[PDB]
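**Student:** show me how the following folds:
(2 chains)
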Amino acid sequence: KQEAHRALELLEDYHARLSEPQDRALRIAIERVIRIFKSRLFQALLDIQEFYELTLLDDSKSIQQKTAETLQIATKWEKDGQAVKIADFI
Amino acid sequence: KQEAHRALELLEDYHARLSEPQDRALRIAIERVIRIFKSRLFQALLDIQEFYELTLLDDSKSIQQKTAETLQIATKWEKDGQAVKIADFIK
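**Tutor:** Numbers count the residues shown, from 1 in each chain, chains lettered A, B, ... in the order given. Below is the structure:
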């Protein structure tokens, strides 16, 4: 139970088993959750891809510079639980 | 290539090839990226697990109430997905 790596798998399976017409509104709402979650995951993975490209693959940057940039990215992620993040900002 | 689903794999491979002593500080910094990224993914997965438990598994909630809750969590997560950081507080 509650194997974190399976969380999305289980949500998808719950969706698949929701096949009665009186349950259809819930089914469509869960599809929206699934889409939104996979978009979050995709953006996270692009954070890695963009770091890999801007920093690690750029042979013009010194090891020192690459190290600094590498530390900076992880610090941002580490601080996100205490971050003030404003939806639909100016 | 840049296939998103393999982005962490490629980073793991770069780490593995970064074996010279002058590059060791960068290797250790990359270990920290990998650790922190995995924590981010775990926490995201727990956001699903927590919704699944609280809403979908609770047979005492009507389909209507589960639907309402599911819609609200999508609205919230959509706002979160585009929110911009302005500050963080120590602690």
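**Student:** chain A: helices as residue ranges?
**Tutor:** Using DSSP state H, the helices of chain A run over A:7-17, A:24-51, A:63-79.
**Student:** any chance of these in TSV, plus distance to residue A:57 and mean neighbour count?
**Tutor:** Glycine gets a C-beta too; all of them are placed from N, C-alpha and C. Listed next are the helices of chain A as TSV, based on distance: least, CB to CB, whole Å; neighbours: other CB atoms under 10 Å in any protein chain shown:
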stretch	distance to residue A:57	mean neighbour count
helix A:7-17	30	15
helix A:24-51	10	17
helix A:63-79	10	16
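**Student:** now tabulate these in CSV and tack on distance to residue B:50.
**Tutor:** Shown next, in CSV, are the helices of chain A (distance: least, CB to CB, whole Å):
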stretch, distance to residue B:50
helix A:7-17, 9
helix A:24-51, 12
helix A:63-79, 20
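**Student:** how about the ones you listed in a markdown table, adding distance to chain B?
**Tutor:** Formatted as a markdown table, the helices of chain A follow (distance: least, CB to the nearest CB, whole Å):
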| stretch | distance to chain B |
| --- | --- |
| helix A:7-17 | 4 |
| helix A:24-51 | 4 |
| helix A:63-79 | 4 |
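**Student:** skipping adjacent residues, who's closest to the most centrally placed residue in chain A in space?
**Tutor:** The structure's chain A has its C-alpha centroid closest to residue A:41; by CA atoms, centre = their mean the separation is 2.7 Å. Leaving aside its sequence neighbours, residue A:41 sits nearest to residue B:44 (CB to CB, 6 or more residues apart in numbering or on different chains; 6.7 Å).
**Student:** contacts only, for that neighbour.
**Tutor:** Taking CB atoms under 8 Å, 6 or more residues apart in numbering or on different chains, we find residue B:44 in contact with A:37, A:40-41, A:44.
**Student:** could you redo the last one with a cut-off of 10 Å?
**Tutor:** Each residue near residue B:44 by CB atoms under 10 Å, 6 or more residues apart in numbering or on different chains is listed here: A:4, A:7-8, A:37, A:40-41, A:44, B:77.
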